[PDB]
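This report refers to the structure that appears directly beneath it.
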Amino acid sequence: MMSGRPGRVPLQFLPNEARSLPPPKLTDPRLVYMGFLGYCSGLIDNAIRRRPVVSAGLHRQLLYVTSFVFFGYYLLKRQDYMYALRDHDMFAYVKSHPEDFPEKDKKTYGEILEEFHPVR
Amino acid sequence: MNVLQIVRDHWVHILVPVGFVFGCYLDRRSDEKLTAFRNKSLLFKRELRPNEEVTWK
Amino acid sequence: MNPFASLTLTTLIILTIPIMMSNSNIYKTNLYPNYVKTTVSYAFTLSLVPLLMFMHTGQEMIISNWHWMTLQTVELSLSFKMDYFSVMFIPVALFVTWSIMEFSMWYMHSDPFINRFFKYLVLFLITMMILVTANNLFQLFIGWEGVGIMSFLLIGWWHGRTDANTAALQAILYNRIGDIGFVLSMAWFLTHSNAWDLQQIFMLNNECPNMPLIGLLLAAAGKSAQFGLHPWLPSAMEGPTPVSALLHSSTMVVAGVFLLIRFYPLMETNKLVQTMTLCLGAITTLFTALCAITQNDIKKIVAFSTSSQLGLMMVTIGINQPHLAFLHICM
Amino acid sequence: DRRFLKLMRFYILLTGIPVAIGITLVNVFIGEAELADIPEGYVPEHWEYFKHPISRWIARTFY
Amino acid sequence: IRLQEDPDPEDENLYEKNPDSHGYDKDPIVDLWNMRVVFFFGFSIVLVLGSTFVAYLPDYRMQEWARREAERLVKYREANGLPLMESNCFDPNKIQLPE
Amino acid sequence: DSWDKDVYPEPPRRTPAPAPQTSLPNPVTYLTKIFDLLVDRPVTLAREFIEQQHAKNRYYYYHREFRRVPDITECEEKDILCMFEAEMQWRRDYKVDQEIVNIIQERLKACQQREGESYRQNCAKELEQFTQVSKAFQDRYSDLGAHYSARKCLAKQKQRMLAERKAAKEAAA
Amino acid sequence: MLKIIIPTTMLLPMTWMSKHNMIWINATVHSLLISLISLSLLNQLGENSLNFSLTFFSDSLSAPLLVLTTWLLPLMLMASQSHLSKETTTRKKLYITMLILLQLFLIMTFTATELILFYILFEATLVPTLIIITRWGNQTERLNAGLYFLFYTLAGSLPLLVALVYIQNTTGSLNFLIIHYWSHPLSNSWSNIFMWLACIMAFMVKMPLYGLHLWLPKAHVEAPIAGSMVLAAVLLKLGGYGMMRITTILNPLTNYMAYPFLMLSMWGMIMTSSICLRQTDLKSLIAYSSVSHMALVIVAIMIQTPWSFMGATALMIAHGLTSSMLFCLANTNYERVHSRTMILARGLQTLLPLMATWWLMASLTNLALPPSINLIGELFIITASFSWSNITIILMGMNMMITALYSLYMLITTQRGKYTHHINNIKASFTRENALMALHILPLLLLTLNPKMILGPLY
Amino acid sequence: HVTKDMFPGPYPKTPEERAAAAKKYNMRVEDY
Amino acid sequence: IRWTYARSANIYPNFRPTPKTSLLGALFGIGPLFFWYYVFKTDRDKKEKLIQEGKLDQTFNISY
């Protein structure tokens, strides 16, 4: 779908047109879940390595957390930019092809005859 | 007596209460992004009292 | 307002006070059976004033004090029908159970759980009063089933005895066969008359069809031990003699024919169902009287006699004489 | 069995008696609201559409 | 021996060491406090206060409002000869039938 | 009283005055004098005390006024906001209709008990009113099912109206 | 819903960070506190639902279920801590964690505004449930029970997943409100017939429908007591709640698609009630009785009337409470005699009087004695069925007769008669067990005073 | 206590497992 | 223990599909289902035919 999109330069995680969108907030629920994933990784690291799972290596658990949040922020930016691109192309295509997307003639339920099915 | 042991042993008792208050606060914030029809419904909309500016929060 | 309503209610409320007190301190002492017998005697004395007011001027009323729930267009409330049947049967039943409790204070004197026995007697009395004063079919069903379970618990009073438990379950079984018809009538009246209260049921059923009346007849045949569902009453003699005298001879087993009397305006307008109850009562009275003349157990003879009298009550209902049947209940 | 029954009754009553006493006191001295037509120009608070003072307190405090 | 396995141990009676056992814990103090917190928070709070909270919940289903509206409507319809209720739930003027 | 006499009618109450044709005293009158002394007067006093407390703490509640919104016949197909408001209005109207039917059934039950043995003839008006209101309610809300709506109710009304118009046209011939 | 969800989530850190001997105390205290908070969801509106956010909402159908779940958690904790007294601290914390995870999943399942989110949350309940059954069950049969429960549920659920994504692709939304307001009639075609079957079969196997129920005896019998409690009380109700939600897109196809299911449940309630008359395992008898009440719920949902839905809601609530009570009562005897055989320990009323009273109350509620809410639900469903067809009164009356027979038979065989001579280890009932029964039975009877709280949104 | 060999088994085909079944159920072979 | 095992867990290990078991399974499992379906379907078709011609009176049936 999006592979051969025009202007799509290779090996570029965020293109420069993404800087027009709002960056994700720092307390973004998805970013906080990223940090939680890092914290779980640190706890499981203590468990497998046979260390006290909660209080051993606070620097290591902390680094797990911050690296997970660091990757999550950029992942969120790229995801949001891809969805913005999707909506951008969809609206452009609906605009360029009005015949494929007609203006449906709206009618009220007072003139629309819906069939009644009794429950009995 | 023995405040250190009591606060090092029964400190977990704050977790569920403060989680309840955090849930209430997060419920509060959810309503803040659902006000596109505050004082706008065909049923409830009305003029604001002279110092009033919104109808619910 | 009018003392009739307050007195008719107070007669019912006083019965429940020794039940609430059945966990305080008197229930642990040897004064509990006399205490409950005394409240029953006081309730009998109070219930005479509504009876006297009816005797004077025919005071009758329905009381709907507490609204329970509304189901769209069906309002279910605690409604008491303080009519001739209620205000005449309540004093009779209270007098009889007063005598029964005084008797039990001597007959069950050596029972280690005599306090619980008297409490069960009061519970049965309360459920029967609910049955008799009920102004709608749900409340009547509450009385019906509470009477049934109290009968179950009192027939199997000596629960280490296999035959007593078998008899109690047998009573439950036959009465459940009757409950099928009771629930049939409830469903029909809800579906067609949109009411379980007697007033609207009588209003919307000038010509009552077969199905609800046959359901009511099935329930009555179950409760009053008519032929086909008869055997449980003589087997209910497994209970202590006060249980027999109170429930299964004089007060509880007339619930079925009382159910049919409560719907006599409906039964009045259906000849087929009238013939059915007339014939069922006839066969019941004949067969049960035939069994009794050869029985050797005195309690069995009297139980078959009670079944015969219930058959006679069914007969007099089946000839469009409901008030005669009520009089025979009281006598 | 006796000890359990005593404990259960105690812990039911421990708040039941204050609850019952407070409900009686509220009913006797505060009492229920009186219905009235909405005064001209006045928009009532949402708990002012209920009659029982305890119901009004619940509506005002929790909803 | 068919394998090295421990024999099935015998069940411990909480009453044997604690006649006053409430059945919660082998240690009498935590057993007592388990009983206390269970009874307090269950009966004293959730049952009594919870039942009272549900009992005095503000109008549920707006049944009182519906009854008052019905009373006003019944008064108006009867005082003016209008039917108490029309068979048509909606006005046949805002309905356009097909043919 | 609080309830309005027109919504809850009751015939003018007609009691016969006492006509003793005996010399033996009437036990009922003395049992009622004792009732008025030991029962009525103390609870009556207990009510003046309480209504005296409630008189000095007077406060109010109001009936909630809903204005009218466009109904489901005015909703363009799939116009979710208008459908929501119309559907809420329809459900409120349905509850009010249920309460109207409840008022009329209350009248019917009260008449049946009140008229005694003459209820069959004396309660014809209430039976007629119940017939009318129950027919109207049945036409509005019967057979919709557990998942009812203003749309299904309107479809049922349109089916009824098409049947009515066709029947009228074929009767005209 | 976050003021409910987040405190429940906070049970896990609190459980894992508490002392070894404060585990049960802390979990019980704070789960009761959460259950107190869940009661505020019973303040419902006549017409609309409580639409908190885009992702969670509450109405009169799901609020009593949420209260039932939050109430079941502490009772679970009281039931478990006896048989898990010899376990390690970490393993007790893992069991508590499983129970908390199950409660959290159930809470979000009953409030999910979207159908696919409901699907994931309702499928998530499998994992802690399966873990509980297979890890902490007592017999070698727990493994086969776990396999049956897992694969019955999944064979039901996967076609539902396919149907849900197809519906989202064709309708555009799986949002419950949008689904209701944009409801299209379902035409009569093989495509729509199989869409109906896919939408219905998962909830059918969950309830379970008679013929698809063989997992339930295994699972409810082999599970530890808390597992049986949840499986009987809240997990069966997922099928009924989901069926009530999803039947709004299946009309008028439900008019004739329900005939095989109506027949199956109407006859299988008779069949499983009869099976109870001959069950030699007490826990198996209690498990088999759930099938009949759930068959009644199936009929009520399939006939689609306001009275049928009211009765089904009330019956689900009442059955949850009663079945959990019965399982706890059987477990108290099992913990004494280490066996589920019913005629092993007879004449127990002369050894455990107040426990015999608890047994009588539980049997009476299973009897649907009026005015209990069991009877209210059963009677409402019976009346709706009578309107649906008068001949339904034969089968439902037969079922209530047989239900009375087996309930009182269980009572008589366990409590009455002569005590067993060689069983000399029936110790007096602990305060904990009596409190467990009391906390089962008291809210059940209090609901009779306010029955509209469990009559669903069609009240 | 109760081993696998003490449990009910399949129908006995030959008279030696029939006698073993009689022994397992505490009966005489001529009565089993 | 032998009695409780024979009645629960020994039955399927020793069940065989024979003409007797298959005939009985078909008769008792499938027979009542189709019997009741025929009864209820006939009753409801008669009811619906009455409703269509308005020959079934529902004067006070407003609760369903």
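Protein chains in written order, with this note's numbering: chain D, 1 to 120; chain Z, 121 to 177; chain V, 178 to 508; chain U, 509 to 571; chain Y, 572 to 670; chain R, 671 to 843; chain L, 844 to 1302; chain H, 1303 to 1334; chain S, 1335 to 1398. Beta carbons: idealized from backbone N, C-alpha and C, even for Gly.
{"Asked": "The stretch 264–275 of chain V / the stretch 426–435 of chain V touching (three or more Cβ pairs under 8 Å)", "Found": "yes"}
{"Asked": "Segment contact, 8 Å Cβ cut-off, at least three pairs: the stretch 1108–1116 of chain L with the stretch 1139–1153 of chain L", "Found": "yes"}
{"Asked": "Inter-stretch contact (C-beta, 8 Å, three-pair minimum) for the stretch 441–458 of chain V and the stretch 363–370 of chain V", "Found": "no"}
{"Asked": "Interface residues of chain U facing residue 731 of chain R [CB-CB closer than 8 Å]", "Found": "541, 542, 543, 544, 556, 557, 558, 559, 564"}
{"Asked": "Presumed contact (8 Å Cβ cut-off) between residue 958 of chain L and residue 1007 of chain L, rounded CB distance", "Found": "5 Å"}
{"Asked": "Below-8 Å beta-carbon distance, residue 164 of chain Z vs any chain L residue", "Found": "no"}
{"Asked": "Chain L contact for residue 119 of chain D (CB, 8 Å cutoff)", "Found": "yes"}
{"Asked": "Residue 1071 of chain L: contacting residues in chain R (beta-carbon distance under 7 Å)", "Found": "The contacting residues do not exist; residue 1071 of chain L stays about 31 Å from chain R at best."}
{"Asked": "Rounded distance between the beta-carbons of residue 239 of chain V and residue 775 of chain R, thought under 8 Å", "Found": "In fact, because the Cβ distance is near 14 Å, the residues do not count as touching under 8 Å."}
{"Asked": "Below-8 Å beta-carbon distance, residue 1334 of chain H vs any chain S residue", "Found": "no"}
{"Asked": "Beta-ladder partner(s) of residue 251 of chain V, from DSSP", "Found": "V:248"}
{"Asked": "Cβ-Cβ separation, residue 1270 of chain L to residue 1189 of chain L (assumed contact under 8 Å), whole Å", "Found": "With a Cβ gap of about 17 Å, residue 1189 of chain L and residue 1270 of chain L do not count as contacting."}
{"Asked": "Top-ranked residue by Cα proximity to residue 488 of chain V, from V:508, V:358, V:454, V:247", "Found": "V:454"}
{"Asked": "Residue 1319 of chain H, enclosing alpha helix (DSSP H) - first and last residue", "Found": "1317–1326"}
{"Asked": "8 Å CB neighbourhood of residue 811 of chain R in its chain, flanking five on each side removed", "Found": "764, 767, 818, 823"}
{"Asked": "For residue 284 of chain V, the first and last residue of its enclosing alpha helix (DSSP H)", "Found": "261–284"}
{"Asked": "Pairwise C-alpha distance: residue 903 of chain L and residue 1278 of chain L", "Found": "29 Å"}
{"Asked": "Chain R contact for residue 1147 of chain L (CB, 8 Å cutoff)", "Found": "yes"}
{"Asked": "Coil, strand or helix - residue 1177 of chain L by DSSP", "Found": "helix"}
{"Asked": "Pick from U:525, U:509, U:514, U:559 that is closest to residue 616 of chain Y, judged by C-alpha positions", "Found": "U:525"}
{"Asked": "Near-chain L residues of the stretch 803–819 of chain R - C-beta to any C-beta below 7 Å", "Found": "815, 816, 817"}
{"Asked": "Ranges of the alpha helix (DSSP H) found wholly within the stretch 964–1027 of chain L, counting only runs of at least 4", "Found": "969–979, 984–1014, 1019–1024"}
{"Asked": "Three-way DSSP call (helix, strand, coil) for residue 258 of chain V in this model", "Found": "strand"}
{"Asked": "Cα-Cα separation, residue 479 of chain V to residue 1264 of chain L", "Found": "38 Å"}
{"Asked": "Contacts around residue 1282 of chain L, its chain only, beta-carbon distance under 7 Å, and the 5 residues preceding and following it disregarded", "Found": "918"}
{"Asked": "Meets three-Cβ-pair contact criterion under 8 Å: the stretch 272–284 of chain V and the stretch 242–260 of chain V", "Found": "no"}
{"Asked": "C-alpha distance - residue 738 of chain R paired with residue 807 of chain R, whole-angstrom precision", "Found": "21 Å"}
{"Asked": "Residue 359 of chain V and residue 335 of chain V closer than 8 Å at C-beta", "Found": "no"}
{"Asked": "Residue 1268 of chain L - DSSP class collapsed to helix/strand/coil", "Found": "coil"}
{"Asked": "8 Å Cβ cutoff, residue 66 of chain D in contact with chain R", "Found": "no"}
{"Asked": "Assigned exposure category for residue 79 of chain D - 16 Cβ within 10 Å defines buried", "Found": "exposed"}
{"Asked": "Min CB distance residue 142 of chain Z to chain L below 8 Å", "Found": "yes"}
{"Asked": "Three-pair Cβ contact test at 8 Å for the stretch 1056–1071 of chain L versus the stretch 976–996 of chain L", "Found": "yes"}
{"Asked": "As assigned by DSSP and simplified to three states, the class of residue 543 of chain U", "Found": "strand"}
{"Asked": "Three-way DSSP call (helix, strand, coil) for residue 1120 of chain L in this model", "Found": "coil"}
{"Asked": "Minimum Cβ-Cβ distance from residue 533 of chain U to chain L less than 8 Å", "Found": "no"}
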